[PDB]
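Next up: a single chain in structure tokens, the form deposited in one PDB entry.
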């Protein structure tokens, strides 16, 4: 009949323990900040200040004895190891010759990176996002960007998760040559250089540990002693709410592609593949890997990079090696892992890889059917059009014509259909292709009525520079504006144009635009109409479905249209 133990919370780290040890107050190399243990160390302090303390204690989780040891006077520390993540009701019993006595139960948290210790996330979704009964075999994907939590103020609990089958999390960098990241800013390059200290070149790391697992999100119940926080803890809780959702890390993108060019050497591919396997064993909520190399053959952010002879065979070899590694994981865990890639769809990008060969290893190809035209130059055009628009010259659609200076075109025009047709012509199966939608516009200023060669079509005009505006209007970088900013400040509630803009739509291209004839501002984007057209196209060709880039920029209209388009 010893006295029942009483739990010392503060000395028991508030009963928060974890299989993964994460630095919370400092920033260093990835292998200094993140250490995954097969067993969590549990240390619970209890006291017995009254009566007799007894000789031995037992610790129970949900009524099952998990530890035992000696009672040490009026305060005792039970230290033991535990391998299974979860939330458990713990009791501590003190025993002697004359009987045993149990503490009142208390919840203990043993964190693991599948979210097994988390309750389902509470969502805060804009109610403009509607509910649909889309066939569950259709891909409905979007990219969520790690940095959406700063200015854009868009967190995981804001995502319309019931309307998504795949969440691609952007972007995981590869250690090594990454000068392109300095175009984003020196802090972002410095963050990568910090993460890579003590890490071999060609291994993956987390670019922004603050956003990924350190930041406390009060909306997710996070507190000081919460063992995993950040977007990653939210994605874990999201998987608990939506256990069929696939969450896939996307490696690469525009500014993080420079190390992929070194994958012509197999040793570098080996290093990378092993590192991905270790990342997925560490962060168990992820369901696969998405390779976003921009672009094999060159044409990406680094003008000096690209080997059109060797990059495509390296890309195929990489996908083969990834699929072998992921089959090893499947065997170890009993889970299914998906292998996917986002690829350029200009004819010059498609010609540099045999995707029919690479795609036999892949579940899905995400065709980047956007960014065809944009503020990097002063040539307006439809950035995400399905077909050739009205502005194109004779012979431009197919590539056999000359431009307005007399220079021959070198290939078929940039349109989503020209890209899809080229990939199907290679032998890529329709049912592995996912068509992309932009949730943003690209834009110019100075396209005035006197620059147009066809007065009904501002895409035949000439710009003087990139669209400018404030972050309040959804302009986070010159030349680019969020769809929700176009809707609020350029379309208005009737979709006919406000603030001096008029809405236009190229019914042949299937591409909308807004134009302010006073300022020459012209923006090319995707809207309800063009997305319904993309969905109709995807249905008619037996494509796998649709994905969008990037979800924080939508107000619900684009994802709703994607569902309606596939109905």
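Positions refer to the first chain, counted from 1.
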Comparing 163-171 with 488-496, the higher average Cα temperature factor in the PDB entry belongs to 488-496
Of the two stretches 300-308 and 442-450, which shows the higher Cα B-factor on average in the entry?
300-308
Could you tell me which one of 214, 384, 193, 75 shows the highest CA temperature factor in the PDB record?
75
Looking at 558, 543, 9, 553, which has the biggest Cα B factor in the entry?
9
For the chain shown, is the CA B-factor of residue 220 in the lowest, middle or highest third of its modelled residues?
highest
Sort the modelled residues of this chain by their C-alpha B factor and say whether residue 355 lands in the lowest, middle or highest third.
highest
Tell me, lowest, middle or highest third: where does the Cα B factor of residue 181 rank within its chain?
middle
Can you tell me whether residue 270 has a C-alpha B-factor in the lowest, middle or highest third compared with the other modelled residues of the same chain?
highest
Among the modelled residues of its chain, does the C-alpha B-factor of residue 520 lie in the lowest, middle or highest third?
middle
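As for the form deposited in another entry, it is not shown, yet the points below apply to it.
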Rigid-part assignment between the shown form and the other one: does residue 154 fall in the same part as residue 261?
yes
